[PDB]
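Below: one structure, written as structure tokens.
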Amino acid sequence: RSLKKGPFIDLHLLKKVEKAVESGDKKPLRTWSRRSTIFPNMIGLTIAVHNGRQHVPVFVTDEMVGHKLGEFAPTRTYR
Amino acid sequence: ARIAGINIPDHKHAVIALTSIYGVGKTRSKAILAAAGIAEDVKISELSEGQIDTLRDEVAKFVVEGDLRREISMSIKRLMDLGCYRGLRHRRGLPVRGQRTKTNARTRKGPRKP
Amino acid sequence: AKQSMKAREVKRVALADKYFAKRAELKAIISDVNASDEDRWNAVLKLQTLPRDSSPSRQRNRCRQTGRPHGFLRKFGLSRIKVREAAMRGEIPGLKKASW
Amino acid sequence: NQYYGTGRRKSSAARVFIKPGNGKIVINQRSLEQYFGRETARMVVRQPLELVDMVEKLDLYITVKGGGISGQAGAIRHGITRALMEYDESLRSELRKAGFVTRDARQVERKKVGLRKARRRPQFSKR
Amino acid sequence: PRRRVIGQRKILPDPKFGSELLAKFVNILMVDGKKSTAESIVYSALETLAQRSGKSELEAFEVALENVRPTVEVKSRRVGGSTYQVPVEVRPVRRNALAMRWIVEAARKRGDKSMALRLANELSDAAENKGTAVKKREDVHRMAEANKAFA
Amino acid sequence: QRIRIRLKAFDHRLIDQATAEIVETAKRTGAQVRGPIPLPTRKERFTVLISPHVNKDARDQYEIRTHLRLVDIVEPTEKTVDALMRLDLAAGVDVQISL
RNA sequence: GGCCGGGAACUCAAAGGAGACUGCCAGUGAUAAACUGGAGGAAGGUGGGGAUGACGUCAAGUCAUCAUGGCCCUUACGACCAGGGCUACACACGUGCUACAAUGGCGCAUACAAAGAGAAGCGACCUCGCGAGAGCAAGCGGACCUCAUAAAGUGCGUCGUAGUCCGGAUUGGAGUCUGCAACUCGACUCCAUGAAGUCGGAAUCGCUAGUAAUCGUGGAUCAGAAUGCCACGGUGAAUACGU
């Protein structure tokens with residue numbers, strides 16, 4: 001969080017993203033890592049984020065850059 | 001005296017009077033008066049046109065009134081459209097910064113409904 | 001406390017003692033100013049591959065005779081109940097009931 | 001020749017030396033009016049010399065530490081009373097009748113378990 | 001209490017003048033253990049009152065008190081299943097205490113600016129037989145008069 | 001030079017015994033000493049709940065007292081220092097020697 | 001400037017002792033036990049405050065601190081792992097903190113404490129940043145060094161009864177630190193915003209003196225996270241006719 005430390009990401013997620021980009025086409029990328037930041041090189045992909053029970057698909061656009069992956073997958077049910 | 005599209009009181013001291021503008025607090029008021037060269041305990045009715053114009057020029061350097069209001073509205077609309085946790089809270093009408101809801105929360109809810 | 005929880009604590013202490021120096025070096029790299037601006041990134045990516053149970057903040061103090069996770073005192077290494085039993089029997093030097 | 005007295009109140013301790021002549025008071029290297037800005041404190045410090053008519057016949061050198069304004073003033077009064085007793089030895093009756101010979105043994109009461117203060121209880125409800 | 005004898009506490013006299021009445025008045029005016037504030041207020045009030053009357057502060061104070069002291073009051077009794085008002089005499093210490101309490105209570109409700117000004121105005125009105133304190137004395141005497149059958 | 005001895009204990013009779021022993025052994029060996037100086041005692045306090053389940057009042061309070069003493073030797077000799085080093089005292093006192 | 005030579009008087013530190021017993025005097029009372037008052041004394045009649053809980057009562061609380069009779073499960077009611085929950089939110093109740101203001105709010109500058117903690121710890125002086133903080137580095141296992149600057153108070157100015165120069169919930173932007181990691185769900189700093197609320201219906205609680213009320217300071221748990229709990233001192237009242 002301190003600026004002198006840089007953004008935080010999970011190593012396996014970073015490698016998966018790099019492979020998908022370089023190899024071109026992709027199907028949704030499954031992940032349990034809600035504590036990772038959204039990097040500019042993700043725009044246009046589909047990440048399926050865990051919420052406790054299911055994986056929720058998030059289609060990454062350019063207004064999401066800088067937020068954590070967990071803000072787009074609510075955990076509690078209410079009506 | 002008209003400054004930023006509004007009238008400001010003429011019987012107060014300058015440092016208090018200048019806070020009637022939307023976007024100017026105590027610290028910014030002190031900075032404005034220091035940069036303009038006017039004391040803080042001088043009533044607005046004991047000044048001159050040149051001094052008031054100096055104040056206008058200094059106040060022009062910040063974002064105030066309509067511009068600031070538009071900025072804030074766009075800030076909130078962005079989140080609401082994005083659909084993150086904060087946006088969902090904003091459009092449900094509940095606290096945003098993680099406060100309790102089992103009791104209290106009445107500033108964001110309103111008076112009770114039986 | 002169950003018999004598995006005490007085993008968990010023993011394993012945690014072992015790993016934290018094993019990996020002490022590597023973590024200190026990597027944290028010194030990350031913290032130190034005027035670094036290469038790339039060694040920092042690499043150290044950040046390397047610190048998170050070590051086992052999780054090597055961070056001393058995953059440990060919880062427990063009573064040494066029962067394993068209780070609440071009511072701990074640091075001078076004695078015991079919880080309140082065992083402290084009282086030992087004190088009344090006379091097994092803690094210098095301790096006694098106080099008034100003022 | 002000097003005459004000495006020790007005085008104590010709530011948490012304060014006071015050392016007093018008295019000599020004859022030309023009434024002047026020094027406390028902690030300052031004058032009475034500079035040290036004590038309170039008329040009550042000044043009156044308390046001056047009471048016994050007014051009682052025994054020696055206001056303008058004795059010089060006083062005083063030191064004090066601990067406590068607060070009222071405690072320091074009271075400790076000084078106790079010390080001056082004892083020093084005057086040492087000086088004369090026949091003013092004891094009058095000082096005792098005035099009430100300056102007693103040590104006031106009132107301290108602060110301790111805090112107790114289950115109470116908010118020494119004697120204040122939490123609020124109680126039947127239902 | 002049931003089986004107790006309560007002695008008297010010693011009260012120091014005023015530092016400027018030498019009365020214990022004035023010390024008790026300061027004590028009744030103070031709030032939260034702040035005695036210096038109360039002393040300042042009372043001294044300012046007496047100073048402003050002395051000029052309006054050309055007499056001494058103590059004399060003005062006594063003149064104000066003598067028009068507020070009460071003489072008789074009413075207590076409540078219930079032995080036949082009903083509430084009765086029984087008139088009784090007031091003893092001197094209680095006379096003074098009640099007068100002081102009523103004066104301060106009246107002053108606090110005024111609408112002047114500072115407490116010293118409020119107290120000065122209330123004391124002057126009392127010296128001239130006007131104000132809420134004097135109205136209170138009148139009400140008490142009226143109630144005591146309307147029940148002399150139960151003495 | 002000068003030697004300083006610091007003594008600590010949980011029991012003041014023990015501490016006084018040891019201090020007198022040190023003073024006597026220093027005086028018999030041809031030296032001068034500056035008598036023991038009492039130093040402020042330490043009081044550590046603890047407070048615990050005495051029921052295995054909910055009763056938030058009903059506590060116990062305990063204390064440990066630590067007593068402390070200091071002795072100084074001004075003009076030593078080789079025999080005196082050796083004698084001090086070759087001595088043993090009670091089994092509840094802590095002795096620290098500074099040269 | 002207790003700075004230096006010195007001194008052992010005083011404040012203080014902590015070990016041995018002295019002192020308070022209706023002991024002395026008068027009156028009352030059964031030729032009593034006791035009671036009301038007086039002298040001297042730092043203190044007087046249990047001097048003030050703690051610890052100390054009879055035979056028993058409520059099949060009172062605790063098989064989730066621990067131990068234990070009898071039942072019950074053993075490729076599962078026993079292990080291991082990552083993510084979520086214990087923090088939900090139309091509503092009802094208990095315990096608290098901050099206020100609704102001139103006995104006050106804000107600016108400048110100036111007195112007086114007690115009791116505690118500290119080696120994977122307490123972190124001075126100096127430099128940089130408006131600030132939370134960062135860099136370099138003495139001292140201390142401590143009546144020596146550090147945390148550590150008491151606050152209410154006092155003096156001089158301004159605000160002049162207004163939802164205000166009263167109050168500080170919410171919300172937008174920009175940051176710091178602990179920690180592999182602060183989305184759900186941390187504490188803190190700067191700029192901006194500026195809600196309810198003008199003393200509270202029927203009920204109802206605490207306190208007999210250094211007490212109530214008001215003002216600050218420390219510790220345990222603890223990487224971080226108190227308006228709670230346990231301790232410490234400053235200022236300092238009103239009233240008790242009576243059952």
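Every chain is numbered from 1, with letters handed out A, B, ... down the list of sequences. Quick note: numbers below take in every heavy atom, side chains included, and nothing from hydrogens, waters or symmetry partners.
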Syn/anti state of [N] by chi, 90° boundary around 0:
N	value
G/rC21	syn
G/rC24	anti
G/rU170	syn
G/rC86	anti

Side chain [X] and base [N] donor-acceptor under 3.5 Å:
X	N	answer
D/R15	G/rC10	yes
E/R9	G/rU239	yes
D/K111	G/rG49	no
A/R35	G/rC180	yes
C/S99	G/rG50	yes
A/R34	G/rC183	yes

Looking at every strand, decide which applies to [X] at a 4.0 Å heavy-atom threshold: base, sugar-phosphate, or nothing.
X	answer
B/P95	sugar-phosphate
B/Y22	sugar-phosphate
C/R68	sugar-phosphate
C/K2	sugar-phosphate

* Name the stems that RNA chain G belongs to, where each is three or more consecutive Watson-Crick or G-U pairs with both distances under 3.5 Å? ->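 Stem list for RNA chain G: G:104-110 with G:153-159, G:116-118 with G:145-147, G:126-128 with G:133-135, G:171-177 with G:186-192, G:213-219 with G:229-235.
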* Using the P atom as the reference point in each nucleotide, state the distance between G/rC230 and G/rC185 in Å, no decimals. =>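 My reading of the P atoms in G/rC230 and G/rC185 gives 31 Å.
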* Just by distance, with hydrogens left out, do A/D10 and A/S33 show a side-chain donor and acceptor under 3.5 Å apart? ->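 Yes, because at least one side-chain N or O of A/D10 sits under 3.5 Å from a partner of the opposite role on A/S33.
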* Closest-nucleotide ordering on RNA chain G, the 5'-leading residue of D/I69 and A/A73 ->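 This one resolves to A/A73.
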* **Of E/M30 and C/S79, the one whose closest RNA chain G nucleotide lies more 5'** =>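 Between the two, 5'-proximity favours C/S79.
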* Answer yes or no: is there an ion pair linking F/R42 with F/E44, defined by an N-O contact shorter than 4.0 Å? =>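 So F/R42 pairs with F/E44 through a salt bridge.
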* To do: With the side chain of E/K113 defined as its heavy atoms from C-beta on, choose the nearest nucleotide among G/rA90, G/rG160, G/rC10.
  =>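 From the listed options, G/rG160 comes nearest.
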* Asked: Nearest-Å distance, CZ (D/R96) to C1' (G/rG40)?
  ->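 Atom CZ in D/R96 sits about 8 Å away from atom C1' in G/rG40.
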